[PDB]
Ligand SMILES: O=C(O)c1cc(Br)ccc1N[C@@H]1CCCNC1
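A single chain, nothing else alongside it, follows as structure tokens in the form deposited without this ligand.
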């Protein structure tokens, strides 16, 4: 039981590393790090509902859009956290690059990310991205809501 958990964690960590270092045209094949039914996407959206991309096929299709709209994206300051679950990892990192959304001026997008990676039989079953949507608003020139702080201790 202990030897099986150690084996899984060691392999899964390599996948997380590979995912976090996937850039450029290699992003078009990042979906191959997922199970056939694997899920990825963005869990912190302005609507409050995740943008959940379900299945390898849809993940591969999403990658075309991702490379179009974030053409030079890099993850930086990557800190990988193993957990007591050999099939569950967290990653804290930064991300930055151009944001190219039709209808908006080209922007420079920087954000602070937490990634959740859950594994099944050596591949990613569920990837979830958590960031601050306000920094994406900023990158697109969208006015950011403000919480008035006058009444708050400072």
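Numbering follows the first chain given and starts at 1. If you superpose the two forms and keep the largest set of C-alpha atoms that fall within 1.5 Å, you have the rigid core.
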- Do you reckon 141-149 or 14-22 strays further from the shown form in 8 other deposited structures of this protein, measuring C-alpha RMS after a core fit? 141-149
- Out of 111-119 and 54-62, which stretch has the higher average CA B-factor listed in the record? 54-62
- Item | Which of 5-13 and 135-143 has higher mean CA B factor, as the PDB entry lists it | 5-13
- What's the residue among 33, 39, 93, 26 with the greatest CA temperature factor in the PDB record? 26
- Which third of the chain holds residue 84 when residues are ordered by C-alpha B factor: lowest, middle or highest? middle
- Item | Cα B factor band for residue 45 (lowest, middle or highest third within the chain) | middle
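Only in words, not in the display: the form solved in complex with this ligand, which the text now covers.
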- Open or blocked, this ligand overlaid from its pose in the entry with it bound onto this form, 2.4 Å backbone/C-beta test: open
- Is residue 90 close enough to touch this ligand in the entry with it bound, meaning at least one heavy atom pair within 4.5 Å? no
- Item | residue 119, heavy atom within 4.5 angstroms of this ligand in the entry with it bound | no
- Message: Can you tell me whether residue 35 touches this ligand? I mean in the entry with it bound, with a 4.5 angstroms heavy atom cut-off.
- Response: no
- Query: Closest heavy atom of residue 125 to this ligand in the entry with it bound, within 4.5 Å or not?
  - Reply: no
- Does anything in 30-48 come within 4.5 Å of this ligand in the entry with it bound by heavy atoms, and if so which residues, in order? 30
